[PDB]
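Here we start with a single chain on its own, the form deposited in one PDB entry, put down as structure tokens.
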């Protein structure tokens, strides 16, 4: 359908406009310049070059965690502007918009994070760094436990070989969940959701004719992400309570407040 075909395009264009990183841009960088962070020496070098103000000191693990949070805060802003392209989102009650973004952002973050991840590491700092998976595993607990579950999800997610046209709709569908707690107008949100999911189903059928189960596979990935986010918040809570030097950005505190 032209109406749905153009809706898919609208979403895709809002995704390209509002997110600094996309899969094509990430694969260009990852093909072959990003500074490689593989040990403590290269981490400290990268900090002096890419986040100089940060180290003009606390444990490396705490500094890394603060850099992680800065990326989240930035992606929240990107996701908030992206949400406007979703038919009906800007028409929802202002409180429902906040609730949908509150519960959706981290699911969206980890879904999109897969695009800059491969089995050896991930792009960081607006594509200018590459931190290795093994270095992250080498951090002292509990900080070494943060990223490995995200790599596990990303390797299987990337095996699906989605492109940005698919991912834009997937992220839209994540935001349009009518079963988020505290929604005022569930019925309108469900209809909004049904509309995005309908476009996603048709788009996957056209864009991925070789994989007839791709749509149900992504439905399951949405459930997987919800559990990934729940477990992530639990680890974040442990760090907040037991790491006196690891403070949470207030915007991210509110997102976690009364989540899981």
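Take the two forms, find the largest set of C-alpha atoms that superpose within 1.5 Å, and that set is the rigid core. Residue numbers count along the first chain shown, from 1. Shifts are known only where both forms have a C-alpha.
The same protein also has a form solved in complex with a partner chain, omitted here; what follows describes it.
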| query | finding |
| --- | --- |
| The partner chain contact in the bound PDB entry: residue 150, any heavy atom under 4.5 Å | no |
| Contact label in the bound PDB entry: residue 186 to the partner chain, heavy atom within 4.5 Å | no |
| Residue contact check: residue 144 to the partner chain in the bound PDB entry, 4.5 Å heavy atom | no |
| Distance check, residue 158 to the partner chain in the bound PDB entry, heavy atom within 4.5 Å | no |
| Contact assignment for the partner chain in the bound PDB entry, among 99, 165, 132, 118, heavy atom within 4.5 Å | 99 |
| All of 80, 94 and 258 within 4.5 Å of the partner chain in the bound PDB entry, heavy atom check | yes |
| Segments displaced between this form and the one not shown (3 or more residues, each Cα shift of 2 Å or more, core-superposed) | 50 to 53 |
